[PDB]
Amino acid sequence: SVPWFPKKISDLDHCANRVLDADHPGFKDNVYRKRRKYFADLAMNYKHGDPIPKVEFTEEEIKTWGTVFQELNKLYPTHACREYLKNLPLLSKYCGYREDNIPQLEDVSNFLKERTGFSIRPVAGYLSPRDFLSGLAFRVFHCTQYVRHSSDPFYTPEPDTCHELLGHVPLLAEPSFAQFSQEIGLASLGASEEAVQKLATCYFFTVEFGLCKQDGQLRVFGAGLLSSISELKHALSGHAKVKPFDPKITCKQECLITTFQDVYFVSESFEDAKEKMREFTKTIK
Ligand SMILES: O=c1[nH]c(=O)n(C2CC2)c2nc(Cc3nc4ccccc4[nH]3)n(Cc3ccccc3)c12
Ligand SMILES: [Fe+3]
């Protein structure tokens, strides 16, 4: 029968806590060790209704952010979709997006709440697909608060806060994107294991690695691209395989992690991607 799923936004307290390795940069770092523990604990003890704890980031952490931030910002005008470019300066103004400042999740959450009703919840680590997607049903983005190791600013084995803030947040501020995202979460609620994996894959090739066509040009809206200097350039380089976004086809595609994607999917628009998902979710309900 139907598995447990959240019925209200505070119900995410019951799944968001259901979560390093030696190959990771920073395994070797005792200070980074304690820091990550500190971030994980903040997420574990967060309960819905709490202000998200404000963090004093270290100078090393801010420098790492600045390095990623600076290089990525050179590429956004020519690579990011128009919605991304529209919202990014608003975040600069209202949430302190600067090369020399890491935005606080609480500010970003308040900004999004007034823009689309989206909000942030710090998450200690990787959640099951089901739990992660369930947050979106209440317009809750489960969001990492830690920073990648300073040794390698340009690669992270995992979503860190830099990826969340530069990759995800600007589009969550966009009504059409937020509707699309929430509908993925809503479709997942209490769905079968198979449906959840299918929805997770569609989410992956849209929210995380999606491309869209705007005024005849391919642009990027996927968060994983927008926080990855290499793959951002590669995705629009012309040497990449591209297919039309089509849920029944896209949900079969394998989600690669330790490498560039084999293929990227192109949505006509967020509205259209939304309409296709709606048609698709009917066949998996
Ligand atoms: O917890 C998740 N569970 C899941 O099942 N999915 C998949 C989509 C259903 C997730 N996805 C993302 C965010 C995310 N952003 C990424 C960017 C590039 C590669 C992987 C990414 N995962 N997270 C958050 C997260 C937080 C800490 C460590 C790993 C992942 C999850
Ligand atoms: Fe992500």
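Before reading further, recall that the structure is shown in the block above.
Residues numbered from 1 in each chain as written, not as in the entry; some residues may be left out. Chains lettered and ligands numbered in written order. Heavy atoms only, no water.

Focus on the overall build of the chain
Thought 1: For the chain, the count of helices and strands is 12 helices and six strands.
Thought 2: A compact globule built from 285 residues should have a C-alpha radius of gyration of about 19 Å, and the chain, at 18 Å, falls within 12% of that.
Thought 3: Across its three principal axes, the chain shows a C-alpha extent of roughly 50 × 45 × 40 Å.
Thought 4: In the chain, which comprises 285 residues, the share counted as buried stands at 54%. (Helix = DSSP H or I, 4+ residues; strand = E, 2+ residues; numbered from the N terminus. Rg over C-alpha atoms; globule rule 2.2 N^0.38 Å. Buried < 20%, exposed > 50% of the residue type's maximum accessible area, 1.4 Å probe, protein only.)

Let's talk about the state of the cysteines
Thought 1: Scanning the entire structure with this criterion turns up zero disulfides.
Thought 2: No disulfide involves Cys 81; its sulfur sits 4.8 Å from that of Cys 212, the nearest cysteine.
Thought 3: Given the relative accessible area of 0%, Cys 81 is considered buried.
Thought 4: Note on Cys 95: no disulfide assigned, nearest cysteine sulfur contributed by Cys 143 at a separation of 12 Å. (Disulfide = S-S within 2.5 Å.)

Concerning the side chain of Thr 144
Thought 1: By the element assignment, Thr 144 lies in the loop between β2 (140–143) and α6 (161–172).
Thought 2: Here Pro 159 takes part through its backbone oxygen, which lies 3.3 Å from a polar atom of the side chain of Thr 144. (Polar contact = N/O pair within 3.5 Å; in protein donor to acceptor, adjacent residues only side chain to side chain.)

Side note on the sheet that holds strand β4 (residues 217–220)
In any sheet, the strands associate via hydrogen bonds between backbone groups, in a parallel or an antiparallel arrangement.
Thought 1: Across the sheet, which stays open at both edges, the four strands sit in the order β4-β3-β6-β5 with mixed pairing between neighbours. Of all the strands in the sheet, the pair left with one neighbour each is β4 and β5 (242–244). Between one strand axis and the next, the sheet turns by 40 degrees as a mean value, whatever way the strands run.
Thought 2: In this sheet, β4 lies alongside strand β3 (residues 211–214) in antiparallel orientation, the contact comprising four bridges. Looking across to β4, one finds that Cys 212 is bridged to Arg 219. (Pairing = 2+ DSSP bridges. Axes fitted to C-alpha atoms, helices over the stretch in contact; angles between N-to-C directions.)

A short note on the site of ligand 1
Thought 1: In the vicinity of ligand 1, 14 residues are found, and the nearest of them are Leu 127, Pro 129, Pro 159, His 163 and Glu 208.
Thought 2: Between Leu 127 and ligand 1, the recorded distance is 2.6 Å, taken from a backbone N or O atom to a nitrogen atom.
Thought 3: One of the backbone nitrogen or oxygen atoms of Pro 129 is found 3.2 Å away from an oxygen atom of ligand 1.
Thought 4: Relative to its free-state accessible area of 600 Å², ligand 1 is covered by the protein chains to the extent of 86%.
Thought 5: Secondary-structure elements contributing two or more residues to the shell around ligand 1 are α5 (129–136), α6 and α8 (193–208).
Thought 6: For the shell around ligand 1, the leading source of residues is α8, giving three residues.
Thought 7: Tallied by class, residues from the shell around ligand 1 come to eight nonpolar, five polar and one charged. (Near = heavy atom within 4 Å. Areas by Shrake-Rupley, 256 points an atom, 1.4 Å probe, with all protein chains shown as cover. Nonpolar A, V, L, I, M, F, W, Y, C, P; charged D, E, K, R; others polar.)

Some points on unusual backbone geometry
Thought 1: Phi is positive for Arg 139, which is not a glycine, with a value near 55 degrees.
Thought 2: Considering the arrangement of structural elements, one finds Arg 139 in the loop between α5 and β2.
Thought 3: Exposure remark for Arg 139: the relative accessible area of 13% places this residue in the buried category.
Thought 4: Here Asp 215, not a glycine, exhibits a phi torsion of approximately 55 degrees, which is positive.
Thought 5: When you line up the elements, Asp 215 lands in the loop between β3 and β4.
Thought 6: With a relative accessible area of 67%, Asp 215 lands in the exposed category.

A word on the environment of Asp 107
Thought 1: In this structure, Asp 107 sits in helix α4 (residues 105–116).
Thought 2: With a relative accessible area of 25%, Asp 107 lands in the partly exposed category.
Thought 3: Measuring from C-alpha to C-alpha, the distance between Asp 107 and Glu 231 comes to 29 Å, with 124 residues separating the pair along the chain.
Thought 4: What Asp 107 contacts, discounting residues up to four positions off in sequence, is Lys 54 and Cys 95. (Contact = heavy atoms within 4.5 Å.)

Some remarks on the coordination of the iron ion (ligand 2)
Thought 1: Within the protein, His 163 (NE2), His 168 (NE2), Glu 208 (OE) and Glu 208 (OE) serve as the donor atoms for the iron ion (ligand 2), at 2.0 to 2.3 Å.
Thought 2: Binding-site remark: the iron ion (ligand 2) is held by donors from one chain whose sequence spacing is H-x4-H-x39-E. With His 168 in helix α6 and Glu 208 in helix α8, this residue pair connects regions lying 40 residues apart in the sequence.
Thought 3: Relative accessible area serves as the criterion here: at 12%, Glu 208 is assigned to the buried category. (Donors = N, O, S within 2.8 Å, 3.2 Å for Na, K, Ca; no water.)

Examining the pattern of salt bridges
Thought 1: One pass over the full model with this rule turns up 15 salt bridges.
Thought 2: Salt-bridge contacts for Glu 158 lead to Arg 36; the nearest nitrogen and oxygen are separated by 2.9 Å. A residue pair is termed long-range when its members are at least 10 positions apart, and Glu 158 in the loop between β2 and α6 and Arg 36 in helix α1 (residues 30–45) qualify at 122 residues. In this pair, the class of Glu 158 matches that of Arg 36, namely buried.
Thought 3: Taken together, the shared-partner salt bridges in this structure form one network comprising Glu 183, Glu 275 and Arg 278. (Salt bridge = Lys/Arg side-chain N within 4 Å of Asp/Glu carboxyl O.)

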